[PDB]
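Please read the structure below before turning to the comments.
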Amino acid sequence: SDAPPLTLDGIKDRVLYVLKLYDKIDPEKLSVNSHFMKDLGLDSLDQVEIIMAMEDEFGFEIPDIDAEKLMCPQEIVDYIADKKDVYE
Amino acid sequence: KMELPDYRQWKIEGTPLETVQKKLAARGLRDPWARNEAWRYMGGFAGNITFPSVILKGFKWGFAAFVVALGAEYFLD
Amino acid sequence: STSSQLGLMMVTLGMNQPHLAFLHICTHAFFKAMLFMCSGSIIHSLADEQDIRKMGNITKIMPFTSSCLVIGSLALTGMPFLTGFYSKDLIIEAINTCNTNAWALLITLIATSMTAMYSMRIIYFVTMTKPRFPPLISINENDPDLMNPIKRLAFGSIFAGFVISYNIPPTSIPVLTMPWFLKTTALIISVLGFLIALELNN
Amino acid sequence: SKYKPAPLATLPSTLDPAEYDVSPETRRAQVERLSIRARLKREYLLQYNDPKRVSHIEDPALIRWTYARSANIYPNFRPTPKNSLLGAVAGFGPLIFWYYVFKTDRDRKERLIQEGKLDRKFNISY
Amino acid sequence: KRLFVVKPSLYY
Amino acid sequence: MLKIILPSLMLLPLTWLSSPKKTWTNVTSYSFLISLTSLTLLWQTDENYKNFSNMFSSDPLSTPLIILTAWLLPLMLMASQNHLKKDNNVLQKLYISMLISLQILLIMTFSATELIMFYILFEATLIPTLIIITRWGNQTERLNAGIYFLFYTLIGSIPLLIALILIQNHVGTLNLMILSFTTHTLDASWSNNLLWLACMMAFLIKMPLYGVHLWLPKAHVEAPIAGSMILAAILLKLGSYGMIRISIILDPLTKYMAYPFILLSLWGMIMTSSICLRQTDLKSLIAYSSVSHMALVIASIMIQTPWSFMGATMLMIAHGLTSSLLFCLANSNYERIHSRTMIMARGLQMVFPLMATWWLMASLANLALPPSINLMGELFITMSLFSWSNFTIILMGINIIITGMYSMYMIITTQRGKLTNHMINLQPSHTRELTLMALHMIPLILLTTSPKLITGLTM
Amino acid sequence: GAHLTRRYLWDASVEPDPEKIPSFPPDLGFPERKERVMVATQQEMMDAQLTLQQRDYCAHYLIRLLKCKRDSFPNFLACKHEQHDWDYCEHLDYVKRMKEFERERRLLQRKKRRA
Amino acid sequence: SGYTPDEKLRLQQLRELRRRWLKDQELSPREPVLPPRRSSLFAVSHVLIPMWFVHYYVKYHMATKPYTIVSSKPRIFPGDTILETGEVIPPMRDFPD
Amino acid sequence: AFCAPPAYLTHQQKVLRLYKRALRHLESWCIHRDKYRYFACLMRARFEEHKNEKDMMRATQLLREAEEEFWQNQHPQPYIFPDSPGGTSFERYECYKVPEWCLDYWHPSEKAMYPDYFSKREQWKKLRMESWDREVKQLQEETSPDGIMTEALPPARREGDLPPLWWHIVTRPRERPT
Amino acid sequence: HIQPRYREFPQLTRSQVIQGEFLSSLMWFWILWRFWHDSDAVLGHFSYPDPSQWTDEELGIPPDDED
């Protein structure tokens, strides 16, 4: 229990960071509510890697039955927040 | 809070990621996530920890003090 | 590693050398516990991670814990004039200088080599490669509760074998006249193990 | 060198040809199973969330398990040439074996004792 | 910042 | 002895003539005081056993059992207050009277110099026990349980009565002091072998044996907490006391008429301790552990060596205490969920932290954790058997292993693990049941401190 | 060592067995032999509380060593000269044992070439 | 693939409820109410008095009882001087080396 | 965890989960990140090659051959995130996850130390007692009569109503309570 | 008291760096002191004689010609 507590804005910032560092995406057209397969022209095999990177970033794992439902990065943020009991 | 560096500073160039990217794009393949792994080779991480540097860590001043005490024990006899 | 050292102690008890086994018992705790406590610091800092694949360089980011861990691994190996030497040396001598089963002798030497090998495995995947751990850094090893016991155990791992072996009474009679390739055999073994593991990992 | 299943080391269901099936009868079965399971899940959660509940939730499957492993045995037991033989051995085989073991050991002992040649230097307490 | 830690009744 | 028995009688008018509210307090307190009075029997400053009359006496063997029987009454009364809270005053008084009568008859049995009084009371202890089981048990198997419990015992006891009468007609008296100095070798013959069988099988069914042990788990399972406690702690010790007293006149037929029973006991020990693994009912688990433990007592008594008798007495006392304790612990959780299955409530260390220490300490006494007296008995019995035949330690050791195994399984799958969140009815622990566990445990500590008391006539 | 490659193969018969040494009489050569002398008396070694394993013709330097260790306390680094003398005497005893071993080996060679 | 419009509204509602609950788990400064409120003397208090009682026990019960404390005999060396008897152990015969 | 698996597993889902497990075991073999990046590009190439294969007979056959190849050359000791099944800290904190109803047995003395909390708690309990019947009827009135169910819960269609069966998702103990 | 950084190498307190450096330097100073003063422990230091460089006259085997 030496790690700074997790906060929503930080989660969102780090997610968008990881995403901007993904070469198949344009930072300019990036925001939350953005859809990977429709707005950002991606496919399922890339969403897999997106969620893998989220995991390797925050240090925990997300099951496939739920990962399959993560398309908007705000969904990722809300999942990571409901898993880690953040409320602010 | 913790401020995040600029996402754009993470460049493949100057790492083994460059070698891997070349070996890949040879056969037509590109590594997109390459940049998200860059910080592990940049900044203070940039370097190479070799086995002697770890074992012989502290050998300098250890040798110095060994010599000091050896000379003192000669002086004393 | 602890199970291996226990097997070695039982070997010692097999060739009628109990005092040596007890001296190894006493000299082993220091560096073994220091090793566990360095591991525990690393784990408390990296958020419960215990898998060396996600540890990376620890010199730059934990120089003190890393130096103590190296001292521990050395004492575990021969590394003359540390705590481990003052027992393991005589262990190897007694085994290679008595009417013992040859297979036991052979696999004990092989196991000392392997001791060096996995000591180096730790030192490599935890102290000499480049990071694999998450990008957020919440590392702190300054709390005096972490440093004072570790450094006490380090002073132990360094000087305690000398101290004891010189203060104890003479229990048995050590054989002290053997060919060069038997008195220097433990060191040769450990060194070859280090080199082989280094090559395999590079 | 491909995997060979065993009663303990089983098949991971990814090398089972029954999962790589698109047959509509199989899928109808799967759907029926999910329906049963969801029905039971709702029946359990309507109690687990009832705020007018002051007692635990009774599980009849467990009650059946226990009633079957203890009390439904003898009525559903009929003697057979296999049951009888397994019972006979399990009951009177270890006994016979250990009887002859102890009898031989103690006869040998008492023989040496009456004869001599067996020493009990400091046996004082037995 | 501080949070209520849930615990059984240890009075009895 | 009258100074211990007549108060136990006046307890009855105290029970009935008392106001409905103050009936429990009075009887509990005065029963504690009687347990105290029973501590004078330990004033033995010589090798000359205490004879108070032609009928009542107390040797180092009967004194521990008498003290245990006088000490268990208040604990049973306490344990029996959460149930019976909704029963009528008269029913509560009747329950208390059953328990008091059991106490009295048992103190008599252990104080008896003559075997006919012992038999009469040995049999009289069936009426209150059967009543308790069949009238205040909860399930329908009450009745079959009571039937088994009655008729195993009676079919075993009748031959015992015949043999006692035969001994009377042959010797002139069934006194135990006389039958010990005036003794004669029993000529080896089928008649005397059947006499041995008659004298032994009643107790062997009451210890019990392995082959005849089905009456015990049915009862314990279907018996209220008090019946289970007294049964396990005393009504089994009854058979061992009887065997120890009556084996003097069966010499030397015990040398070769024992192999069957030593063997059955040593093997059924393993069988029962293994059953205690694949057992869904906690009470059945405790019962089968009791059987596994009494097997050692039977074997020990059969080889009749000093170490053997000593270990048997220690194991009797310790097992009584710890089994009463385990049944109390089980009934604690039963009163919450009203189920005997050990799989339903499996995270109770996150709600009852203190009550878990009682589980821990008991299961440690169940297994042989030293310096517990549950361990000294097992150890000296092991030693006696090893001297008997050096091949007994095999079975003894595998029994030890299985014992540790199922005790750890009990406490793990009952206390440790994830809590059952649907169990909103897990009220915290009652001061009363906590006192119960404390009163069961502290005496074990004290005995472990002073084992000289529970050794027996041999030491 | 190589004493094992000459025995376990290549004419075991002409190499010694450690369990039986000496296997030849002491008078087979060495017309006269000064039976080894032990300085220390039994009472000395009993009073000093030695172990049966330590009374092997090298107990007098060991007694001087223990006496030095007692007198020079807490200076446990002293008494390093006495340690060397005990080690030296033990080395000489080991040399003598090696000599017995090689002597028997060479005697075996005789029985080979005498026949 | 993806959350259905119904499951998404479900998640949103459960989410605002959860984030109210967790906020309620937050404590106020005045709770817990918690009413109403010598360099190394530990040495003395935990060493000296215990040593007193233990020395009493040892010296006056364990000793003063036979074969309770038994010490391996002390080493005697040639050249030493036994104390009670004053005996002098003769030194060793002179080494030939 | 939060979602309930469906009746059966589609083909695309099978392929994605195989992709995920393969990349994880490959990370476990390829410990260094560059090595892993390289062989992961290779693995994505191997997948994307048969990506537009329309037939199903050959699709499932390729999938099963891939599952076989994965079971072979499979890391026996793969990386497992600590808080995940098979990890070091899997249920390490499941012993401090005391439910909420354990407070209904608290003593008024223990309660007087946390008054605001228990006022809030009674508010919540009133909320639940009020919403119960409404959500129960919302459930019973919108069960598809087809006869097959789905295990998923509906949201609170009507305004002012709380989503059915929420007191166990909400009120769920935290994930690292100390 | 630390500042948790993100993807960057953090600064270190003089304490830990200096303390680990001191421990390692002490280890090496000890290994050099004991090695210079006591080198007769890792190496033989007692001449292991040659069992084949001895003289039959000194062992006892007679001529074998006639004895």
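Going by the structure tokens order, chains are called A, B, ..., each with residues numbered from 1, while ligands are numbered from 1 in the order shown.
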**OP:** Could you give me, as a list in words, the residues within 8 Å of stretch 13-22 of chain I, counting only C-alpha atoms and dropping anything in the same chain fewer than 6 positions from it?
**Re:** residues 44, 45, 48 and 64 of chain A; 63, 67 and 70 of chain I
Preceding selection exported with N, CA, C and O atoms as a compact mmCIF listing (two decimals), in the first residue's frame:
```
# COMPACT_ATOMS: atom_id res chain seq x y z
N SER A 44 -11.06 -6.55 -34.69
CA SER A 44 -11.07 -7.21 -33.39
C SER A 44 -9.67 -7.62 -32.95
O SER A 44 -9.34 -7.51 -31.76
N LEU A 45 -8.84 -8.08 -33.88
CA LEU A 45 -7.49 -8.49 -33.53
C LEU A 45 -6.67 -7.32 -33.01
O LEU A 45 -5.65 -7.54 -32.34
N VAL A 48 -8.05 -6.66 -29.23
CA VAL A 48 -7.37 -7.59 -28.34
C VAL A 48 -6.08 -6.96 -27.82
O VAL A 48 -5.83 -6.93 -26.61
N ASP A 64 -11.87 -12.14 -21.11
CA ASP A 64 -12.26 -11.95 -22.50
C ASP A 64 -13.75 -11.65 -22.64
O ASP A 64 -14.14 -10.89 -23.53
N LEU I 63 -8.55 -23.74 -36.90
CA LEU I 63 -8.63 -23.39 -35.48
C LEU I 63 -8.19 -24.55 -34.60
O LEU I 63 -7.45 -24.35 -33.63
N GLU I 67 -5.06 -24.81 -32.05
CA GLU I 67 -5.17 -25.20 -30.65
C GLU I 67 -4.19 -26.32 -30.32
O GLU I 67 -3.56 -26.31 -29.25
N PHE I 70 -0.77 -24.91 -30.12
CA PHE I 70 -0.62 -24.09 -28.92
C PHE I 70 -0.42 -24.96 -27.69
O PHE I 70 0.43 -24.67 -26.85
```
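Near chain H, within 12 Å and using only C-alpha atoms, the residues of chain E are residues 1, 2, 3, 4, 5 and 6 of chain E.
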Subject >> Residue contacts of residue C:193 (7 Å, only C-alpha atoms) excluding same-chain residues fewer than 3 positions away, as a VMD selection string >> reply: chain C and resid 113 to 114 116 to 117 189 to 190 196 to 197
Kindly save the residues from that selection, with C-alpha atoms included, as a PDB file, in the first residue's frame.
```
ATOM      1  CA  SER C 113      27.658 -25.417 -10.302  1.00  0.00           C
ATOM      2  CA  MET C 114      23.871 -25.144 -10.596  1.00  0.00           C
ATOM      3  CA  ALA C 116      26.068 -20.535  -9.167  1.00  0.00           C
ATOM      4  CA  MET C 117      23.854 -20.906 -12.240  1.00  0.00           C
ATOM      5  CA  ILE C 189      32.779 -25.143 -10.182  1.00  0.00           C
ATOM      6  CA  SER C 190      31.055 -21.921  -9.140  1.00  0.00           C
ATOM      7  CA  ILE C 196      27.728 -20.925 -18.433  1.00  0.00           C
ATOM      8  CA  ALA C 197      24.614 -19.170 -17.140  1.00  0.00           C
TER       9      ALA C 197
END
```
Subject >> Spatial neighbours of residue F:429, max dist 12 Å, only C-alpha atoms, sep filter under 3 positions, as a PyMOL selection string >> reply: (chain E and resi 8-12) or (chain F and resi 329+331-333+335-336+348-349+351-356+358+425-426+432-437) or (chain I and resi 105)
**OP:** Could you check how far atom CA of residue I:174 sits from atom CA of residue I:102, in Å to one decimal?
**Re:**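 It comes out at 15.2 Å.
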**OP:** Write out as a PyMOL selection string the residues lying within 12 Å of residue B:14, counting only C-alpha atoms and excluding same-chain residues fewer than 2 positions away.
**Re:** chain B and resi 10-12+16-21+35+38-43+46-47
What would the file look like if the residues just selected were written as a JSON list (two decimals), in the first residue's frame with N, CA and C atoms?
```
[["chain", "number", "residue", "atom", "x", "y", "z"],
["B", 10, "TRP", "N", 8.58, 9.47, -27.31],
["B", 10, "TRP", "CA", 8.96, 8.06, -27.35],
["B", 10, "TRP", "C", 9.22, 7.68, -28.80],
["B", 11, "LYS", "N", 10.50, 7.61, -29.17],
["B", 11, "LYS", "CA", 10.92, 7.34, -30.54],
["B", 11, "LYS", "C", 11.69, 6.03, -30.60],
["B", 12, "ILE", "N", 11.37, 5.21, -31.60],
["B", 12, "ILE", "CA", 12.08, 3.95, -31.81],
["B", 12, "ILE", "C", 13.58, 4.19, -31.90],
["B", 16, "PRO", "N", 17.11, -1.21, -29.57],
["B", 16, "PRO", "CA", 16.93, -2.44, -30.35],
["B", 16, "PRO", "C", 15.59, -2.50, -31.06],
["B", 17, "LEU", "N", 14.65, -1.63, -30.69],
["B", 17, "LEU", "CA", 13.40, -1.55, -31.42],
["B", 17, "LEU", "C", 13.63, -1.14, -32.86],
["B", 18, "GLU", "N", 14.66, -0.33, -33.11],
["B", 18, "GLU", "CA", 15.02, 0.01, -34.49],
["B", 18, "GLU", "C", 15.45, -1.24, -35.26],
["B", 19, "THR", "N", 16.35, -2.03, -34.68],
["B", 19, "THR", "CA", 16.78, -3.27, -35.32],
["B", 19, "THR", "C", 15.60, -4.18, -35.61],
["B", 20, "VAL", "N", 14.69, -4.32, -34.64],
["B", 20, "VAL", "CA", 13.54, -5.20, -34.82],
["B", 20, "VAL", "C", 12.63, -4.65, -35.91],
["B", 21, "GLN", "N", 12.40, -3.34, -35.91],
["B", 21, "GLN", "CA", 11.55, -2.72, -36.92],
["B", 21, "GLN", "C", 12.13, -2.93, -38.31],
["B", 35, "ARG", "N", 6.48, 2.00, -29.88],
["B", 35, "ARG", "CA", 6.72, 3.22, -29.11],
["B", 35, "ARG", "C", 6.30, 3.07, -27.66],
["B", 38, "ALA", "N", 9.19, 2.03, -25.46],
["B", 38, "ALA", "CA", 10.44, 2.73, -25.71],
["B", 38, "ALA", "C", 11.10, 3.20, -24.42],
["B", 39, "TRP", "N", 10.32, 3.72, -23.47],
["B", 39, "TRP", "CA", 10.89, 4.28, -22.25],
["B", 39, "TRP", "C", 11.81, 3.30, -21.54],
["B", 40, "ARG", "N", 11.68, 2.01, -21.83],
["B", 40, "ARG", "CA", 12.53, 1.00, -21.21],
["B", 40, "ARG", "C", 13.96, 1.04, -21.74],
["B", 41, "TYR", "N", 14.23, 1.86, -22.75],
["B", 41, "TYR", "CA", 15.56, 1.99, -23.32],
["B", 41, "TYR", "C", 16.02, 3.44, -23.41],
["B", 42, "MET", "N", 15.22, 4.39, -22.93],
["B", 42, "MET", "CA", 15.52, 5.80, -23.02],
["B", 42, "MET", "C", 15.68, 6.38, -21.62],
["B", 43, "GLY", "N", 16.21, 7.59, -21.55],
["B", 43, "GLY", "CA", 16.41, 8.23, -20.26],
["B", 43, "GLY", "C", 17.50, 7.54, -19.48],
["B", 46, "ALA", "N", 18.31, 3.98, -20.50],
["B", 46, "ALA", "CA", 19.23, 3.85, -21.61],
["B", 46, "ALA", "C", 20.62, 3.50, -21.11],
["B", 47, "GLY", "N", 21.10, 2.33, -21.50],
["B", 47, "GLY", "CA", 22.40, 1.86, -21.04],
["B", 47, "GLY", "C", 22.50, 0.36, -21.23]]
```
Using only C-alpha atoms, which chain D residues lie at most 7 Å away from chain F, written as a PDB file with N, CA, C and O atoms, in the first residue's frame?
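Output below, filename part35.pdb:
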```
ATOM      1  N   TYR D  48     -31.442 -13.744  -2.333  1.00  0.00           N
ATOM      2  CA  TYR D  48     -30.210 -13.093  -1.909  1.00  0.00           C
ATOM      3  C   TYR D  48     -30.352 -11.580  -1.838  1.00  0.00           C
ATOM      4  O   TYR D  48     -29.546 -10.925  -1.169  1.00  0.00           O
ATOM      5  N   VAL D  54     -34.418 -12.784   6.877  1.00  0.00           N
ATOM      6  CA  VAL D  54     -33.655 -12.795   8.116  1.00  0.00           C
ATOM      7  C   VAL D  54     -32.941 -14.118   8.340  1.00  0.00           C
ATOM      8  O   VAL D  54     -32.275 -14.285   9.365  1.00  0.00           O
ATOM      9  N   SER D  55     -33.038 -15.053   7.399  1.00  0.00           N
ATOM     10  CA  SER D  55     -32.423 -16.363   7.521  1.00  0.00           C
ATOM     11  C   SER D  55     -31.598 -16.658   6.278  1.00  0.00           C
ATOM     12  O   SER D  55     -31.704 -15.977   5.255  1.00  0.00           O
ATOM     13  N   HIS D  56     -30.769 -17.690   6.386  1.00  0.00           N
ATOM     14  CA  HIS D  56     -29.945 -18.125   5.273  1.00  0.00           C
ATOM     15  C   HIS D  56     -30.824 -18.688   4.158  1.00  0.00           C
ATOM     16  O   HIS D  56     -32.050 -18.771   4.269  1.00  0.00           O
ATOM     17  N   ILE D  57     -30.178 -19.083   3.067  1.00  0.00           N
ATOM     18  CA  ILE D  57     -30.858 -19.591   1.883  1.00  0.00           C
ATOM     19  C   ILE D  57     -30.666 -21.099   1.835  1.00  0.00           C
ATOM     20  O   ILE D  57     -29.535 -21.587   1.730  1.00  0.00           O
ATOM     21  N   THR D  66     -26.582 -35.020   0.530  1.00  0.00           N
ATOM     22  CA  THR D  66     -26.363 -35.652   1.826  1.00  0.00           C
ATOM     23  C   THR D  66     -27.331 -36.808   2.053  1.00  0.00           C
ATOM     24  O   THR D  66     -26.930 -37.870   2.543  1.00  0.00           O
ATOM     25  N   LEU D  95      -7.564 -58.134   8.421  1.00  0.00           N
ATOM     26  CA  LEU D  95      -7.551 -58.772   9.731  1.00  0.00           C
ATOM     27  C   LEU D  95      -6.735 -60.055   9.704  1.00  0.00           C
ATOM     28  O   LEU D  95      -5.870 -60.265  10.554  1.00  0.00           O
ATOM     29  N   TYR D  99      -3.279 -60.558  11.626  1.00  0.00           N
ATOM     30  CA  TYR D  99      -3.286 -61.606  12.636  1.00  0.00           C
ATOM     31  C   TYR D  99      -2.077 -62.501  12.479  1.00  0.00           C
ATOM     32  O   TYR D  99      -1.373 -62.787  13.450  1.00  0.00           O
ATOM     33  N   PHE D 102       1.183 -60.547  13.480  1.00  0.00           N
ATOM     34  CA  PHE D 102       1.387 -60.432  14.919  1.00  0.00           C
ATOM     35  C   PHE D 102       1.648 -61.790  15.551  1.00  0.00           C
ATOM     36  O   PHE D 102       2.509 -61.918  16.428  1.00  0.00           O
ATOM     37  N   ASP D 105       5.230 -62.939  14.757  1.00  0.00           N
ATOM     38  CA  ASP D 105       6.219 -62.138  15.471  1.00  0.00           C
ATOM     39  C   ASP D 105       6.240 -62.486  16.953  1.00  0.00           C
ATOM     40  O   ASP D 105       7.312 -62.655  17.547  1.00  0.00           O
ATOM     41  N   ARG D 106       5.064 -62.650  17.556  1.00  0.00           N
ATOM     42  CA  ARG D 106       4.991 -62.873  18.992  1.00  0.00           C
ATOM     43  C   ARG D 106       5.341 -64.306  19.365  1.00  0.00           C
ATOM     44  O   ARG D 106       5.910 -64.538  20.433  1.00  0.00           O
ATOM     45  N   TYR D 126       7.961 -51.602  30.080  1.00  0.00           N
ATOM     46  CA  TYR D 126       6.972 -52.250  29.212  1.00  0.00           C
ATOM     47  C   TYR D 126       5.560 -51.697  29.392  1.00  0.00           C
ATOM     48  O   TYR D 126       4.648 -52.044  28.643  1.00  0.00           O
TER      49      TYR D 126
END
```
Subject >> DSSP alpha helix (DSSP H) selection over stretch 82-158 of chain I, as a PyMOL selection string >> reply: chain I and resi 108-112+115-140
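Residues with any atom within 8 Å of residue A:22, counting only C-alpha atoms and excluding same-chain neighbours fewer than 6 positions away, are residues 32, 33, 35 and 36 of chain B.
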**OP:** Find the residues of chain H in contact range of chain A, meaning any atom within 8 Å when counting only C-alpha atoms, and list them as JSON, numbers by chain.
**Re:** {"H": [1, 2, 3, 15, 18, 19, 20, 22, 23]}
Export of prior selection with N, CA and C atoms as a compact mmCIF listing (two decimals), in the first residue's frame:
```
# COMPACT_ATOMS: atom_id res chain seq x y z
N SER H 1 -20.76 -7.51 -31.29
CA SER H 1 -19.77 -7.27 -30.21
C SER H 1 -19.98 -5.90 -29.58
N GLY H 2 -20.06 -5.87 -28.26
CA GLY H 2 -20.22 -4.62 -27.54
C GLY H 2 -21.39 -4.62 -26.59
N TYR H 3 -21.40 -3.66 -25.66
CA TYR H 3 -22.51 -3.54 -24.72
C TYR H 3 -23.79 -3.20 -25.46
N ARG H 15 -23.47 2.17 -11.70
CA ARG H 15 -22.24 2.93 -11.50
C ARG H 15 -22.48 4.13 -10.60
N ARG H 18 -23.02 2.80 -7.12
CA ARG H 18 -21.78 2.38 -6.49
C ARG H 18 -20.94 3.57 -6.06
N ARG H 19 -20.88 4.60 -6.89
CA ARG H 19 -20.08 5.77 -6.58
C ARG H 19 -20.73 6.68 -5.55
N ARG H 20 -22.02 6.49 -5.27
CA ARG H 20 -22.61 7.09 -4.07
C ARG H 20 -22.27 6.27 -2.84
N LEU H 22 -19.69 4.17 -2.23
CA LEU H 22 -18.29 4.32 -1.85
C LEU H 22 -18.03 5.70 -1.24
N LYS H 23 -18.67 6.74 -1.77
CA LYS H 23 -18.55 8.05 -1.16
C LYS H 23 -19.13 8.06 0.24
```
Would you list the contacts of residue C:32 as a PDB file with C-alpha atoms, in the first residue's frame, taking every protein, DNA or RNA residue within 8 Å and counting only C-alpha atoms, but skipping same-chain residues closer than 2 positions in sequence?
```pdb
ATOM      1  CA  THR C   2      17.427 -23.886   0.627  1.00  0.00           C
ATOM      2  CA  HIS C  28      23.410 -20.133   5.900  1.00  0.00           C
ATOM      3  CA  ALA C  29      20.619 -18.264   7.687  1.00  0.00           C
ATOM      4  CA  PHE C  30      22.300 -14.875   7.353  1.00  0.00           C
ATOM      5  CA  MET C  34      18.856 -11.341   3.577  1.00  0.00           C
ATOM      6  CA  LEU C  35      18.009 -12.786   0.160  1.00  0.00           C
ATOM      7  CA  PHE C  36      14.365 -13.304   1.126  1.00  0.00           C
ATOM      8  CA  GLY C  72      23.696 -12.882  -0.381  1.00  0.00           C
ATOM      9  CA  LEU C  76      25.504 -18.696  -1.031  1.00  0.00           C
TER      10      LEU C  76
END
```
**OP:** Select all residues from chain A having any atom no more than 12 Å from an atom of chain C (counting only C-alpha atoms, ignoring ligands), output as a list in words.
**Re:**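 Contact residues on the first chain: residues 1, 2, 3, 4, 5, 6, 10, 11, 14, 17, 18, 53, 54, 55, 56, 57, 58, 59 and 60 of chain A.
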For the selection just defined, write its residues with N, CA and C atoms to a file, as an mmCIF file, in the first residue's frame.
```
data_model
loop_
_atom_site.group_PDB
_atom_site.id
_atom_site.type_symbol
_atom_site.label_atom_id
_atom_site.label_comp_id
_atom_site.auth_asym_id
_atom_site.auth_seq_id
_atom_site.Cartn_x
_atom_site.Cartn_y
_atom_site.Cartn_z
ATOM 1 N N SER A 1 0.845 -1.227 0.000
ATOM 2 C CA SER A 1 0.000 0.000 0.000
ATOM 3 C C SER A 1 0.864 1.255 0.000
ATOM 4 N N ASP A 2 1.818 1.305 -0.926
ATOM 5 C CA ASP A 2 2.670 2.470 -1.118
ATOM 6 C C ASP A 2 2.381 3.190 -2.425
ATOM 7 N N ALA A 3 1.461 2.675 -3.235
ATOM 8 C CA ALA A 3 1.192 3.245 -4.546
ATOM 9 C C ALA A 3 0.141 4.346 -4.441
ATOM 10 N N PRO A 4 0.322 5.469 -5.132
ATOM 11 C CA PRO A 4 -0.679 6.535 -5.080
ATOM 12 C C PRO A 4 -2.048 6.006 -5.461
ATOM 13 N N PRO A 5 -3.111 6.511 -4.841
ATOM 14 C CA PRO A 5 -4.449 6.021 -5.179
ATOM 15 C C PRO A 5 -4.827 6.375 -6.606
ATOM 16 N N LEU A 6 -5.712 5.564 -7.172
ATOM 17 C CA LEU A 6 -6.104 5.701 -8.565
ATOM 18 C C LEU A 6 -7.288 6.649 -8.690
ATOM 19 N N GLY A 10 -6.716 10.493 -14.072
ATOM 20 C CA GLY A 10 -5.455 9.830 -14.355
ATOM 21 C C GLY A 10 -5.632 8.593 -15.213
ATOM 22 N N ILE A 11 -6.666 7.800 -14.924
ATOM 23 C CA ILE A 11 -6.954 6.622 -15.736
ATOM 24 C C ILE A 11 -7.174 7.026 -17.186
ATOM 25 N N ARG A 14 -3.927 8.184 -18.893
ATOM 26 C CA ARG A 14 -3.014 7.093 -19.216
ATOM 27 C C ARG A 14 -3.548 6.224 -20.345
ATOM 28 N N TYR A 17 -2.960 8.053 -23.438
ATOM 29 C CA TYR A 17 -1.525 7.960 -23.678
ATOM 30 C C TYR A 17 -1.186 6.673 -24.423
ATOM 31 N N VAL A 18 -1.526 5.535 -23.815
ATOM 32 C CA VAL A 18 -1.276 4.235 -24.429
ATOM 33 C C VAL A 18 -1.819 4.201 -25.849
ATOM 34 N N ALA A 53 -2.667 -4.120 -23.796
ATOM 35 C CA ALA A 53 -1.840 -2.991 -23.399
ATOM 36 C C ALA A 53 -2.406 -2.311 -22.166
ATOM 37 N N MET A 54 -3.730 -2.175 -22.099
ATOM 38 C CA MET A 54 -4.354 -1.672 -20.880
ATOM 39 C C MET A 54 -3.924 -2.501 -19.677
ATOM 40 N N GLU A 55 -3.978 -3.825 -19.818
ATOM 41 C CA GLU A 55 -3.549 -4.715 -18.745
ATOM 42 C C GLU A 55 -2.099 -4.450 -18.361
ATOM 43 N N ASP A 56 -1.181 -4.616 -19.316
ATOM 44 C CA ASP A 56 0.235 -4.404 -19.030
ATOM 45 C C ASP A 56 0.492 -3.026 -18.433
ATOM 46 N N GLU A 57 -0.381 -2.059 -18.710
ATOM 47 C CA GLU A 57 -0.215 -0.718 -18.166
ATOM 48 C C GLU A 57 -0.624 -0.665 -16.701
ATOM 49 N N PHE A 58 -1.850 -1.087 -16.399
ATOM 50 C CA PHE A 58 -2.354 -1.018 -15.036
ATOM 51 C C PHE A 58 -1.953 -2.217 -14.190
ATOM 52 N N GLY A 59 -1.390 -3.258 -14.795
ATOM 53 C CA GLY A 59 -0.811 -4.347 -14.038
ATOM 54 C C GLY A 59 -1.769 -5.438 -13.628
ATOM 55 N N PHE A 60 -2.981 -5.460 -14.173
ATOM 56 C CA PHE A 60 -3.928 -6.526 -13.891
ATOM 57 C C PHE A 60 -4.535 -7.001 -15.203
#
```
